[PDB]
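Remarks on the structure that follows.
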Amino acid sequence: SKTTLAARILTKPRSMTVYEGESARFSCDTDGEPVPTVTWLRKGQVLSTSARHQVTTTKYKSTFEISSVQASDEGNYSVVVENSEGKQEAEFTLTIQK
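Using the entry's author numbering, the letters of the sequence shown map in sequence onto residues -6 to 91.
Here it is, written out as structure tokens:
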């Protein structure tokens, strides 16, 4: 991840289903030279703490946990991890029933 790599997904995040933001935590390990980038987006306003979601990013691994959703965040959400010259993602769906 610092000489000739791109952007790929090693351990994408899984999906989940709850009533709202109970405890659906996620973690996707993505590499990228020199450092990869994560972006959770699908339709609920690029996920990333847009109003009721809580995402975070580390060195080469991001993590998304929903615990503040309101009542209209459906279930499909994704994460396009891109780097200095790559562009992959991880599609999953965190649904809610409230």
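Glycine included, every Cβ here is placed at the ideal spot set by N, Cα and C.
Notebook entry, point to check: Can you tell which of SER61, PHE19, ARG7, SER71 has the C-alpha that lies nearest to the C-alpha of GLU13?
Noted result: Residue mapping note: residue 13 aligns to position 20 of the sequence shown, counting from 1. When only C-alpha atoms are compared, the closest one is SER61.
Note to self: Could you tell me the alpha carbon to alpha carbon distance between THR30 and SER16, rounded to whole angstroms?
What the structure shows: One-based indexing of the sequence shown puts residue 30 at position 37. One-based indexing of the sequence shown puts residue 16 at position 23. Rounded to the nearest angstrom, the two C-alpha atoms are 24 Å apart.
Notebook entry, point to check: Skipping 5 residues on each side, what residues in its chain have a beta carbon closer than 8 Å to that of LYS52?
Noted result: Position 59 of the sequence shown, counting from 1, holds the residue named residue 52. Within the same chain, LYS52 has close Cβ partners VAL28.
Notebook entry, point to check: Start and end of the beta strand (DSSP E) containing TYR70?
Noted result: Numbered from its first residue, the sequence shown carries residue 70 at position 77. 69 to 74 is the extent of the beta strand (DSSP E) around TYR70.
Notebook entry, point to check: Counting Cβ pairs closer than 8 Å, one from the region 75 to 83 and one from the region 39 to 51, do we hit at least three?
Noted result: no
Notebook entry, point to check: If you drop the 5 nearest sequence neighbours on each side, which residues of the same chain put their C-beta closer than 8 Å to that of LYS(-5)?
Noted result: Your numbering for residue -5 matches position 2 in the sequence shown. The answer, listed in chain order, is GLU26, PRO27.
Note to self: Can you find the residues in the same chain that come closer than 6 Å, C-beta to C-beta, to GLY37, ignoring five residues on each side of it along the sequence?
What the structure shows: Taking the first residue of the sequence shown as 1, we reach residue 37 at position 44. Around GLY37: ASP66.
Checklist line | C-alpha distance - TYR70 paired with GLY79, whole-angstrom precision | finding: Taking the sequence shown and counting its residues from 1, one reaches residue 70 at position 77. Taking the sequence shown and counting its residues from 1, one reaches residue 79 at position 86. Roughly 21 Å separates the two Cα atoms.
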